[PDB]
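> First the structure, which I've put down as structure tokens, then a few questions once you've had a look.
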Amino acid sequence: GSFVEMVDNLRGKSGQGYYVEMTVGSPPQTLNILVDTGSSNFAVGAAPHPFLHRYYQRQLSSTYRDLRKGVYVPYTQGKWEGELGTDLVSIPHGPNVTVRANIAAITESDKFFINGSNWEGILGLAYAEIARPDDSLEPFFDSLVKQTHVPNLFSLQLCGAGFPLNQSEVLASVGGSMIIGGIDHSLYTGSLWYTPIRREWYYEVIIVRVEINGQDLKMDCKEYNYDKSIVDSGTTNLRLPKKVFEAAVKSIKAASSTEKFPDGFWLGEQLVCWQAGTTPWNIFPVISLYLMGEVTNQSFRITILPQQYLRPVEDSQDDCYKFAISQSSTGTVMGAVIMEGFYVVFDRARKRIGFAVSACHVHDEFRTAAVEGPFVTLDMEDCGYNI
Ligand SMILES: CN1C(=N)N[C@@]2(c3cc(-c4cccc(C#N)c4)cs3)CN(c3ncc(F)cn3)C[C@H]2C1=O
């Protein structure tokens, strides 16, 4: 329906992540928290750090409970270590509830906190299977659903501005909405189409066909989900398995061949700039991902524009961008490139993910992002990877 208290409760941008305000402890300590559908721990800075101006002070919370257990979370780009405990947590622009949740109090970190970023912790919204140290550490959303009458569903509208936001603008701008326990109809246009959650660990999905400007990439569909395909608000790019990335970039280069770009642009390293207002959107192709439908032998497609996969960056008055499609050795990641085009419904209760055209997606007068269906697609379970 309508969840006016939760609409426009996010801030941020794809390169720095999107965050929501939360409170921890008694009296409440306000912190900004990165919204991550790609992990399952609620973890906050709990010790001074040069890039933090606030942190969780456990000794000032009367409701703090020590779990007497450490947690070490190393990952590819960095790591954090901390001490497990529980406390009362609320979301000021959220459901009007307070819950007792697990909190990893971060005491040591490496390349986790970012200078200039305005967030102090991370909210892992995925399932217990991938929580650290193990699946016995109940994730925040699981606690929220168990302790209250909040429906087992949340939805995200991540809003890319379509232009770079400076240090002050990114603080004052609306980055989107996280609707906890519902679907807000003002955030999308057209119909919502649902794809099954394949398995409850990451938000895993199955891609059954890929097109670049309507041209079938024509790969064995297992390649698109090798070794998994996930929906991740904590990844900036659309990341594709090595072989898929190679085929996609060849096709995108062919479609945009009226303009030659350096190898560094396609590697996501180098920016490309055009005179103000002259970005040649029309030379770049649309990209469609077909996802398994809820009905046997049925699929639907989501289509994004170069306004989604060319990330605006500051150089001058030129309009500059980085190519935000990159290679993966851990499967497809539908990051903020995908998510900024759509309103995404994480329907945990019905084990499905919904997509609709976002009311805040960036487009031009000639093309728009799309969510369309149905299409007849056979042997879609064969597209899923095993082992
Ligand atoms: C892609 N991705 C995440 N989705 N989450 C993680 C992080 C994302 C960010 C981050 C920072 C800035 C911008 C963006 C965006 N968009 C994301 C910092 S840490 C957490 N994680 C993880 N893994 C295993 C585990 F038991 C617990 N946490 C893996 C990290 C990661 O590389």
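Start at 1 and count along the chain as shown; that gives each residue its number.
Determined by X-ray crystallography, 1.6 Å, according to the entry header.
Keep in mind that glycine also has a Cβ here, set from the backbone N, Cα and C atoms.
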> Which of the listed positions, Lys243, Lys351, does Swiss-Prot note as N6-acetyllysine?
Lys243
> Quick one: which of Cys159, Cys221 does Swiss-Prot link to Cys383 by a disulfide?
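The record-listed partner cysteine is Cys221.
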> Can you check which of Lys250, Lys322 Swiss-Prot annotates as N6-acetyllysine?
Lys250
> Which whole-number value in Å describes the separation of the CA atoms of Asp315 and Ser316, between which 3 residues are not modelled?
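Taking the Cα of each end residue, the distance is 6 Å.
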> Given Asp36, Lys69, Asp232 as the recorded positions, which ones have a Cβ positioned under 6 Å from some atom of ligand 1?
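Correct list: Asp36, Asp232.
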> Looking at Cβ-Cβ distances, which residues of the chain lie under 8 angstroms from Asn115 (N-linked glycosylation site) while being 6 or more apart from it?
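For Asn115 (N-linked glycosylation site), the qualifying residues are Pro50, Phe51.
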> State the three-class DSSP label for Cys159 (disulfide bond), counting H, G and I as helix, E and B as strand, and everything else as coil.
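Coil, per DSSP.
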> Which of the recorded positions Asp36, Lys69, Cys221, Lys242 has its Cα closest in space to the Cα of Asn297 (N-linked glycosylation site)?
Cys221
